[PDB]
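>>> Sequence first, structure after, both from an experimental entry:
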Amino acid sequence: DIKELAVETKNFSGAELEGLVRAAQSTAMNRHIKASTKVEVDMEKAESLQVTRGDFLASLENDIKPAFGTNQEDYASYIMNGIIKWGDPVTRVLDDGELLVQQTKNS
Amino acid sequence: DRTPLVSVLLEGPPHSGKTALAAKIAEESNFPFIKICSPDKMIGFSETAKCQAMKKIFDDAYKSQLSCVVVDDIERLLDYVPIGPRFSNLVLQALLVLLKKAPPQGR
Ligand SMILES: Nc1ncnc2c1ncn2[C@@H]1O[C@H](COP(=O)(O)OP(=O)(O)OP(=O)(O)O)[C@@H](O)[C@H]1O
């Protein structure tokens, strides 16, 4: 589904969007090549090539990384153990943050 | 797994023989990478040089799966003297910042 990728790929430029597709394509072709003692294309299943969502997800998580803005590598470090609701104040703080951001957007 | 960075302070009166104990513990750690940062190799340096040297020593420790580092005679490292008092602020800030920087994930 294109919409998922469009939403998820934030801060990307055109060139990186092309590179993502290229890397995704490479994966199946690699799935069909066995290179252990001599490069040997199969050709017994090369008439069944398909590109699935898992290839896109893996390529997103491993190969291509944008060069602008904040990405997952930062949020991972700063929020190391996540947030746990141990009481009331957490919700109050988050609600105040929501109010402030909404005010900034609208006013 | 939650705490990839721990630290401890050995303290006591003078001539109690503490640096030797730290060296013994480090040697018994059996970690692959062991380094000792001591003022003995920074005589006459300006504070900027000290900052850079400490930064380099620490950076070298981010490229291993297990590391142990020893800081020796902190007071001499800060150039402290009771009169005034008089010390180096820049190095103190460097240390304070550098005791809570987690390494690259998984080390
Ligand atoms: N049980 C022991 N514990 C520690 N050091 C010992 C012990 N037995 C012998 N030694 C020796 O005593 C000396 C201790 O000197 P050391 O430099 O460790 O003291 P220090 O506290 O660092 O000195 P200072 O406080 O004056 O800087 C070393 O030679 C060490 O090998």
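Okay, I see it. Residues are numbered from 1 along each chain as shown, chains lettered A, B, ... in the order given.
>>> what's the neighbour count on the residue in chain B that the ligand sits nearest to?
The ligand sits closest to residue B:17 of chain B, with a gap of 3.1 Å, by Cβ to the nearest ligand atom. Yep, even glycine has a C-beta here, placed from its N, CA and C like the rest. Residue B:17 has 8 neighbouring residues, counting by other Cβ atoms under 10 Å in any protein chain shown.
>>> what sits against residue 29?
You didn't pick a chain, so chain A it is. residue A:49 (Cβ atoms under 8 Å, 6 or more residues apart in numbering or on different chains).
>>> I was after chain B.
Residues near residue B:29 by Cβ under 8 Å, 6+ apart: residue B:68.
>>> what helix or strand is the residue of chain B closest to the ligand on?
Using DSSP states H and E, residue B:17 maps to neither a helix nor a strand.
>>> Next, count neighbours for residue B:78.
Neighbourhood size, residue B:78 [other Cβ under 10 Å]: 19.
>>> Also residue A:24?
Residue A:24 sits with 22 neighbouring residues when counted by other Cβ under 10 Å.
>>> So it is in contact with residue A:56, correct?
Yes - Residue A:24 lies in contact with residue A:56 (Cβ atoms under 8 Å); the separation is 5.1 Å.
>>> quick one: residue B:49 and residue B:80, what's the gap?
Per Cβ to Cβ, to the nearest Å, residue B:49 is found 18 Å from residue B:80.
>>> Which one of these two is surrounded by more residues?
Shown here are residue B:49 and residue B:80; by other Cβ under 10 Å, residue B:80 has more neighbours (14 against 11).
>>> mind listing what that one touches?
Residue B:80 touches B:86, B:87, counting by Cβ under 8 Å, 6+ apart.
>>> What's the end-to-end length of stretch B:24-37?
15 Å (Cα to Cα, to the nearest Å).
>>> That stretch near the ligand anywhere?
No - for a cut-off given as Cβ under 6 Å from any ligand atom, stretch B:24-37 has no contacts with the ligand; the smallest distance is 8.1 Å.
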